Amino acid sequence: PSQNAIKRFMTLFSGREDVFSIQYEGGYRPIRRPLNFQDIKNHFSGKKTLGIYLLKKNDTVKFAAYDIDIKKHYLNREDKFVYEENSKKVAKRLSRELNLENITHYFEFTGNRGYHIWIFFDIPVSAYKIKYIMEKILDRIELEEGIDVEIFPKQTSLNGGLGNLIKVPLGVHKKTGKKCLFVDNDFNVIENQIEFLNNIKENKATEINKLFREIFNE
């Protein structure tokens, strides 16, 4: 049911369970209480913009992302559109490598200067294991001009803190006022974002753990 979309969002983007953050003009501000359904409604309606701390208190994550960015000094150039196309080329190259490893994943236009490739897990996996897998996969490719790729999580041990946060889809990027939206593998905006969210598929933690071991053992 479409009414289950907020619950699904909360389940898929499940990070630190007693703190989250919101975007402000100048950074992200921690909110020291659990995320709730009204917060997600505020995100969807463009009143607030959520950043989720990926790491749970036992140093696991239920989701991870590649963060594909056009470098800032390439955005002011006359041929800026070439670099927008290059960001899609990089996303497609990484997607091919993820597909070869049977890692189900989803593209998001981030509302400003690139894409996220989201990876979801049925139950949380060790942050260092998924980071290592994603680094080894990224090492398989080369990047077009103007593009960087980051891996979230970067910090894989909390050490008492909050760790990294990532802006989650379906809200508004405060830097631009643009919506952050799921896109298909040809980078077209998905028409029905709620139905798309409701049918996102999670990867099996047992398969991810096996992949970590096999890459680690090579």
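Whichever C-alpha set is largest while still superposing within 1.5 Å between the two forms counts as the rigid core. The first residue of the shown sequence is 1; numbering continues from there.
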- Query: If you line up the core and then measure how far each C-alpha sits from this form in 4 other deposited structures of this protein, which stretch comes out higher, 155-163 or 54-62?
  - Reply: 155-163
- Query: Once the rigid core is matched, which of the two stretches, 140-148 or 123-131, lies farther off on average in 4 other deposited structures of this protein by C-alpha?
  - Reply: 140-148
- State which stretch shows the higher mean Cα B factor in the entry: 182-190 or 161-169. 182-190
- Task: Decide which of the stretches 78-86 and 102-110 has the higher mean C-alpha B-factor, going by the entry.
- Result: 78-86
- For the listed residues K62, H43, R32, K154, which one has the largest C-alpha B-factor as given in the deposited model? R32
- Is the Cα B-factor recorded for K71 in the lowest, middle or highest third of its chain? middle
- Query: Going by what the PDB entry lists, where does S21 fall on CA B-factor within its chain: lowest, middle or highest third?
  - Reply: lowest
- Item | Chain third (lowest, middle, highest) by recorded CA B-factor, residue given as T49 | lowest
